[PDB]
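This document starts with one chain, in the form deposited in one PDB entry, laid out as structure tokens.
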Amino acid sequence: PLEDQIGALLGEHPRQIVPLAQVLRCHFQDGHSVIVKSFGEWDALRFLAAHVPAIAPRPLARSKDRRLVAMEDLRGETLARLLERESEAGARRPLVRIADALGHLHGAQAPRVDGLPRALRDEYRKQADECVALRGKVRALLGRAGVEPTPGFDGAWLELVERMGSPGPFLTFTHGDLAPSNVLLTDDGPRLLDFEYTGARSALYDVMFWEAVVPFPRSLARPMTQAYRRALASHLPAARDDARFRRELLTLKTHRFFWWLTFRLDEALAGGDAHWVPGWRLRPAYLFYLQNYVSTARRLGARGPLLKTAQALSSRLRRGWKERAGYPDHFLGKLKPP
């Protein structure tokens, strides 16, 4: 019985267990609660237990067979709830606060990554290796889209792989799955939840959170990245160099774009009744991701075969589809169209 196992684990018995790889909210007395997951997160949380200002749940206990993990139950407002109710003007301060916290996480932890478990330490090498086979997936997808990769594509891809395998001084602790549902605004500042995908990666990998993944207007992504970089560069000298920072940003944006193209572009090519998420139809979403990459990549000085191939895909689909890049419903009020 799970109540008894958790009781044994914590040395006190929960009065009530509420289900949210099962995530459980366990209630005790006087409003005390714990999160229990019943089956890298543990080692990630241990690694961060002394990082200040605190940003992650404290690990509390783990069974001997490691199938029960108890951790601090951080409570607050999810970023998701915040973006659903707020305006652009009103979201900016918490968003900047989140970006600064993450910059201090990446900066403070970069010299300490030898202390992560081997599998987490190697994550960037695994993903660099995967990026080799990603080229073929992308090529075949462009075949199904009826778009020819532009000249020099393979040679530009090789260099992207090389850049992805050499994070160099940007190599640090990364959360790896940042999302609006697992970032919290609390009375004591930003907090992160759900460290399952932690790994040693380029710092800029996590920055894709607001730079590419969540469809922020550029009037919010840019000041987030500016705040992030100020906090990061206070730790890491390499981030004071505009050309090196901009290069790292472009490297990870390019990887993120071509990676996420392979996820569901075929669904968008086949029909038009699908959604990226309930409030965001799949074609306006992929048109958003296409234009946002092309536009922001050019602002970063991009001009090689990978951009041109993205440009050719964006043109094909803008014309072939007749839908429009758009923002999700119930996201930062009524936004100017992208």
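If you superpose the two forms and keep the largest set of C-alpha atoms that fall within 1.5 Å, you have the rigid core. In this text, residue numbers run from 1 along the sequence as written.
In what follows, reference is made to the form deposited with a partner chain bound, a form of this protein that is not presented.
Contact annotation: of the candidates 238, 161, 213, 113, the single residue with a non-hydrogen atom within 4.5 angstroms of the partner chain in the deposited bound form is 213. Checking 125, 244, 230, 264 against the partner chain in the deposited bound form, a heavy atom within 4.5 Å turns up for just one residue: 264. Taking the partner from the other structure, the partner chain in the deposited bound form has no heavy atom within 4.5 Å of any heavy atom of residue 73. Shown alone here, residue 47 lies farther than 4.5 Å from the partner chain in the deposited bound form, counting heavy atoms only. Proximity of residue 177 to the partner chain in the deposited bound form falls within the 4.5 Å heavy atom cutoff. Contact between residue 280 and the partner chain in the deposited bound form is found at the 4.5 Å heavy atom cutoff. Figure note: of the listed segments 179-187, 103-111, 140-148, 163-171, the one touching the partner chain in the deposited bound form, with heavy atoms no more than 4.5 Å away, is 179-187. For residue 29, a C-alpha deviation of 2 angstroms or more is recorded between this form and the one not shown after rigid-core alignment.
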